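Undergrad: Here it is, the structure in full.
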Amino acid sequence: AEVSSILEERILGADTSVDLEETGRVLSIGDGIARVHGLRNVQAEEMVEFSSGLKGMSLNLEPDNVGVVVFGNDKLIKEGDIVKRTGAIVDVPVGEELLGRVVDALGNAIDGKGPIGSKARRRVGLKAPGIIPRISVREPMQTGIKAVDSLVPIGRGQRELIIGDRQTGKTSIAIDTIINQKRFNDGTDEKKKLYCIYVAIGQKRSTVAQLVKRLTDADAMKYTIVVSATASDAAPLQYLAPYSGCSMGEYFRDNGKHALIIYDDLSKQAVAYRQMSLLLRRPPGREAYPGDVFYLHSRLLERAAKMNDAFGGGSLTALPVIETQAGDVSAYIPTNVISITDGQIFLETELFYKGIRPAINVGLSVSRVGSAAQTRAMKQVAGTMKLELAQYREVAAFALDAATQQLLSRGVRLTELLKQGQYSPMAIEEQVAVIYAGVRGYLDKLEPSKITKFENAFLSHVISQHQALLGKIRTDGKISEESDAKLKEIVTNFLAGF
Amino acid sequence: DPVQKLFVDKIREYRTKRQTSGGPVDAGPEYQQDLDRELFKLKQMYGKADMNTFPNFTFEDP
Amino acid sequence: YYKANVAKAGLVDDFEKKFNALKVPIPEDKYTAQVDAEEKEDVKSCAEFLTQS
Ligand SMILES: Nc1ncnc2c1ncn2[C@@H]1O[C@H](COP(=O)(O)OP(=O)(O)OP(=O)(O)O)[C@@H](O)[C@H]1O
Ligand SMILES: [Mg+2]
C-alpha cells in the first residue's frame with residue numbers, strides 16, 4: 001500500500017525547468033566513441049549528455065568535431081542524435097554519505113539501498129597538493145599483516161605498491177588492511193579512525209560481490225566505500241574509476257580526516273585508457289599504450305598526500321595493485337608505477353607455493369619511510385628481526401658449526417613466525433608479543449613445523465590472561481623495562497607449559 | 001504546477017492504479033509464475049523448519 | 001525495527017513474547033562425577049604415600 005505512496009512521493013518532485021541548452025549532432029558513433037558536430041563552447045574533458053540520458057566526456061576538441069567517450073553502453077546512440085553539454089567538468093559526489101555504499105565509477109549507487117545523500121561534488125581531475133601543504137609521514141598505517149607491519153611498514157600519506165602475479169595474494173592484503181581498521185574506527189579518538197576506499201577495476205561483478213559480502217561479515221562497511229568499474233563497464237568508466245575514488249578520498253584528507261584508497265588494479269586502468277586512446281585515433285606508443293600512460297598514473301598517485309596541521313592534518317594513503325606477467329617486473333606499466341610510488345610489496349609465486357603466505361618477498365620489498373611511521377615497540381623488535389632474516393637469507397641456499405646452525409635455526413623460526421591466515425589481522429601489540437617471543441631465542445628449542453601452533457596458542461593465552469600487559473604496550477607504545485620483564489616471564493612460563 | 005499536464009496525467013494514472021489494486025491488475029500468468037519461483041528459491045535458501053511458530057531444540061548435555 | 005518492517009506485526013510480536021517467556025536449559029555435574037577421584041587421592045598423597053614415605 002505505502003509502497004505506491006512512496007513511489008508517488010518521487011513524482012511529486014520533478015525537474016520542470018527546461019532550459020535553452022547548446023547541442024550537437026552525432027556525426028558518427030562506433031566502438032564507444034562519438035564524433036559530435038557542434039558544441040562550439042564545450043570545454044575540454046567536460047561532461048556532456050545524450051538524448052537517452054546517457055553521459056559522456058568530451059575528450060578530443062578537434063576543429064571540425066568533438067570526440068566524446070560514452071560512459072555506458074553504445075548501442076543506444078544513433079547518428080544524427082543530440083548531445084547536450086552540461087557545462088561542468090566531470091565530477092563525482094563526495095561525503096560521509098557514501099560510506100558503506102557500493103557505487104559505480106560515476107558515484108551512482110549500485111546496490112539498490114536508495115540514493116546517495118551527498119551534498120557536495122568534487123572534480124575528478126584536480127591537481128595534487130603543492131609542495132608546501134604536505135608534511136613528512138609520521139603516523140603508522142596499521143595493516144595487520146605481521147610481515148608488512150614489521151619488515152615493510154607503511155605510514156599514512158605513503159603510497160605503497162602491491163605488485164605480483166595473478167593469484168599470489170594481493171587483494172587479500174588489501175582486504176586485511178581494510179578489515180584491520182575496524183578496531184580503530186570503533187574506538188573514540190578520531191585521530192586513528194581511517195576510512196577505507198576500494199576501487200575495483202576490471203574485476204568481474206562476482207568477485208566484487210564476494211568482497212563486499214566479506215567486508216559485511218567482518219562488519220567493515222561502516223567505513224568502506226566500494227567504487228566498482230567492473231569488466232562489463234565501458235572503458236571510459238574503468239579509466240575514470242580511480243580518479244573518482246581518489247576524489248572521494250581527497251574529500252576526507254581535505255577535512256582533517258584520514259582515508260585509505262586501494263586501486264585494484266592499475267594495470268587494468270592502463271588497458272582501458274589504451275582502448276580509449278586507440279579508439280579516439282590518437283597514435284599508439286610502446287606496447288600500444290599511449291604516450292601519456294605514465295602521466296595517467298603519476299597524476300593519480302600524487303594525490304595521496306599528508307597534509308600539515310595548517311591544512312587540517314588529514315592524510316590519504318594509497319595501495320595501488322599491479323599485476324606482472326610471470327614475474328616480469330621489468331615490464332612497462334610495472335616499472336612506471338614502481339618509479340612513481342614510495343615503497344613496494346613484492347609477492348612471489350615461488351614463495352606462495354613454498355608455504356610462505358603472504359608471499360611478501362621481504363628481500364626486495366621496500367618502504368622509503370621505514371624508520372618513521374613505526375611504533376616504538378615494533379621499531380625495537382622488528383629491527384633485530386630484520387637483521388636476523390637478512391643474515392639468514394645469505395646462508396639459506398644450503399641446509400654445520402654451532403654459530404651458523406643456530407643462525408639458520410633462528411631464521412627459520414622467524415620465517416614460520418611471519419606466516420598468517422586470511423582476514424585475521426592482528427593488533428600491533430599482539431604482533432609485537434609474537435615477534436618478541438620469536439626473536440628472543442625462545443622458539444629456538446621448538447621444532448619449526450610446530451611454530452604456528454605456538455603462535456596461535458600463545459595469542460589465545462595472552463589475549464585472555466594478560467589483557468593488561470597488551471593494553472600497557474598499546475597505551476604507552478613501547479616495551480618499557482617492566483613490560484620487557486613481564487613479557488619475559490610470560491614467554492618463559494608459556495613455553496615450558498606447552 | 002497545475003500546468004504540467006504530463007505530471008498530473010501520471011498522478012491520475014497513479015490514482016487509478018491505487019483504486020484498482022484489489023488484485024494485481026493485468027498480472028498475467030507471469031506474475032504468479034515468478035512469485036512462485038522466487039518464493040521457492042527463498043524458502044530453499046532459508047530453511048524448511050516449521051515456518052509458523054518457534055521449532056523446539058531439545059539439545060543434549062555434554 | 002524487525003516488527004516495523006513486517007506486514008504481520010502480530011506474528012512477530014508473538015515471536016517476541018514467546019522469546020521473552022521461554023528460556024534455555026543448562027547442563028549439570030553428572031559428567032563431573034570425577035569428584036570422587038579427589039577423595040581417593042586424599043589417601044595416597046596424605047595417608048598411604050605420605051605415611052609410608
Ligand atoms: N595469507 C594467506 N593464507 C592462505 N591463503 C592465501 C593467503 N593469501 C592469499 N591466499 C590465497 O590466494 C588466493 C588468491 O588470493 P587473492 O585474490 O588475494 O590474490 P590476487 O592476486 O588478488 O588474485 P587475482 O589477482 O586473480 O584477483 C585465494 O584463493 C586465497 O585462498
Ligand atoms: Mg584480486
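A note on labels: chains of the C-alpha cells are A, B, ... as shown, every chain counts residues from 1, and ligands are counted from 1 in their shown order.
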Against ligand 2, which residues of chain A fall within 8 Å? For each one I want the closest pair of atoms and the distance in Å (one decimal), counting only C-alpha atoms and all ligand atoms, rows by chain and increasing residue number, as a tab-separated table.
TA:
```
residue	atom	partner	partner_atom_place_in_ligand_line	distance
A:166	CA	ligand 2	1 (Mg)	7.7
A:167	CA	ligand 2	1 (Mg)	6.9
A:169	CA	ligand 2	1 (Mg)	7.1
A:170	CA	ligand 2	1 (Mg)	5.9
A:171	CA	ligand 2	1 (Mg)	4.2
A:172	CA	ligand 2	1 (Mg)	7.1
A:203	CA	ligand 2	1 (Mg)	7.8
A:264	CA	ligand 2	1 (Mg)	7.2
```
Undergrad: Can I get the selection written as a PDB file, in the first residue's frame, with C-alpha atoms?
TA:
```pdb
ATOM      1  CA  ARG A 166      47.928 -13.447 -10.686  1.00  0.00           C
ATOM      2  CA  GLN A 167      46.695 -15.269  -7.581  1.00  0.00           C
ATOM      3  CA  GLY A 169      47.542 -12.720  -2.510  1.00  0.00           C
ATOM      4  CA  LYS A 170      47.259  -9.018  -3.314  1.00  0.00           C
ATOM      5  CA  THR A 171      43.545  -8.426  -2.843  1.00  0.00           C
ATOM      6  CA  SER A 172      43.961 -10.469   0.335  1.00  0.00           C
ATOM      7  CA  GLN A 203      37.110  -7.290 -11.711  1.00  0.00           C
ATOM      8  CA  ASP A 264      42.851  -2.769  -7.845  1.00  0.00           C
TER       9      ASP A 264
END
```
Undergrad: How would you write, as a PyMOL selection string, the set of residues no farther than 9 Å from ligand 1 when counting only C-alpha atoms and all ligand atoms?
TA: chain A and resi 145+163-175+203+207+264-265+321-323+347+352+355-359+419-423
Undergrad: Rank nothing, just name the residue among B:46, B:31, B:57, B:7 nearest to residue 25 (chain C), using only C-alpha atoms.
TA: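 Closest to residue 25 (chain C), using only C-alpha atoms: B:57.
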Undergrad: When you look at residue 204 (chain A) with a cut-off of 9 Å (counting only C-alpha atoms), what residues show up, excluding the ones that are within fewer than 3 positions of it in the same chain? I need them as a list in words.
TA: residues 201, 207, 208, 209, 230, 231 and 232 of chain A
Undergrad: Identify every residue of chain A that has at least one atom within 8 Å of any atom of chain B, counting only C-alpha atoms, and report the result as a PyMOL selection string.
TA: chain A and resi 4+8+11+16
Undergrad: Under the rule that only C-alpha atoms are counted, which of A:64, A:1, A:75, A:182 is the nearest residue to chain C?
TA: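 Counting only C-alpha atoms, the residue closest to chain C is A:1.
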Undergrad: Set the cut-off to 12 Å and count only C-alpha atoms: what are the residues of chain C that reach chain B? Output as a PyMOL selection string.
TA: chain C and resi 8+11-19+22-32
Undergrad: Within 7 Å of residue 303 (chain A), counting only C-alpha atoms, which residues show up once you throw out same-chain ones fewer than 2 positions away? Write them as a list in words, please.
TA: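 Non-adjacent residues within range: residues 128, 129, 300, 301 and 305 of chain A.
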Undergrad: Take the residues from that selection and put them in a file with C-alpha atoms, as a compact mmCIF listing (two decimals), in the first residue's frame.
TA:
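Saved to selection13.txt:
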```
# COMPACT_ATOMS: atom_id res chain seq x y z
CA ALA A 128 47.72 17.33 -6.49
CA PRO A 129 48.54 19.32 -3.35
CA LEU A 300 46.69 9.93 -9.78
CA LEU A 301 49.12 8.64 -7.16
CA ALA A 305 49.40 13.33 0.42
```
Undergrad: Identify all residues of chain C in alpha helix (DSSP H) (DSSP on the backbone) and supply them as number ranges by chain.
TA: C: 9-21, 35-43, 49-52
Undergrad: Mind pulling up the distance from CA of residue 43 (chain B) to CA of residue 26 (chain B)?
TA: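 We find that CA of residue 26 (chain B) and CA of residue 43 (chain B) lie 26.6 Å from each other.
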Undergrad: When you draw a straight line from CA of residue 432 (chain A) to CA of residue 447 (chain A), how long is it in Å?
TA: 21.3 Å
Undergrad: Please list as a PyMOL selection string every residue within 12 Å of residue 310 (chain A), counting only C-alpha atoms and excluding residues in the same chain fewer than 5 positions away.
TA: chain A and resi 132-135+254-256
Undergrad: Any chance you can output those residues with N, CA, C and O atoms as a PDB file, in the first residue's frame?
TA:
```
ATOM      1  N   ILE A 132      54.035  22.635  -0.311  1.00  0.00           N
ATOM      2  CA  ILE A 132      54.028  23.291   0.993  1.00  0.00           C
ATOM      3  C   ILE A 132      52.971  22.671   1.901  1.00  0.00           C
ATOM      4  O   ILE A 132      53.235  22.483   3.095  1.00  0.00           O
ATOM      5  N   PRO A 133      51.772  22.353   1.408  1.00  0.00           N
ATOM      6  CA  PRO A 133      50.777  21.740   2.300  1.00  0.00           C
ATOM      7  C   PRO A 133      51.262  20.477   2.986  1.00  0.00           C
ATOM      8  O   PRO A 133      50.943  20.259   4.159  1.00  0.00           O
ATOM      9  N   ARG A 134      52.033  19.644   2.300  1.00  0.00           N
ATOM     10  CA  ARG A 134      52.383  18.340   2.832  1.00  0.00           C
ATOM     11  C   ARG A 134      53.285  18.469   4.057  1.00  0.00           C
ATOM     12  O   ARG A 134      53.816  19.535   4.372  1.00  0.00           O
ATOM     13  N   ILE A 135      53.438  17.349   4.756  1.00  0.00           N
ATOM     14  CA  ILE A 135      54.378  17.213   5.863  1.00  0.00           C
ATOM     15  C   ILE A 135      54.801  15.755   5.925  1.00  0.00           C
ATOM     16  O   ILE A 135      54.007  14.860   5.631  1.00  0.00           O
ATOM     17  N   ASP A 254      41.095  16.419   2.903  1.00  0.00           N
ATOM     18  CA  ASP A 254      40.941  17.865   2.945  1.00  0.00           C
ATOM     19  C   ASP A 254      40.184  18.343   4.176  1.00  0.00           C
ATOM     20  O   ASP A 254      40.167  19.550   4.435  1.00  0.00           O
ATOM     21  N   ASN A 255      39.564  17.438   4.932  1.00  0.00           N
ATOM     22  CA  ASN A 255      38.769  17.796   6.101  1.00  0.00           C
ATOM     23  C   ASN A 255      39.329  17.184   7.379  1.00  0.00           C
ATOM     24  O   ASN A 255      38.574  16.776   8.259  1.00  0.00           O
ATOM     25  N   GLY A 256      40.647  17.099   7.489  1.00  0.00           N
ATOM     26  CA  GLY A 256      41.265  16.652   8.715  1.00  0.00           C
ATOM     27  C   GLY A 256      41.118  15.181   9.016  1.00  0.00           C
ATOM     28  O   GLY A 256      41.700  14.710   9.998  1.00  0.00           O
TER      29      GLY A 256
END
```
Undergrad: Would you mind reading off the distance between CA of residue 42 (chain A) and CA of residue 85 (chain A), one decimal, in Å?
TA: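 Spanning CA of residue 42 (chain A) to CA of residue 85 (chain A) is a straight-line distance of 6.5 Å.
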Undergrad: With distances taken over only C-alpha atoms, which of C:51, C:41, C:2, C:7 is nearest to chain A?
TA: C:7
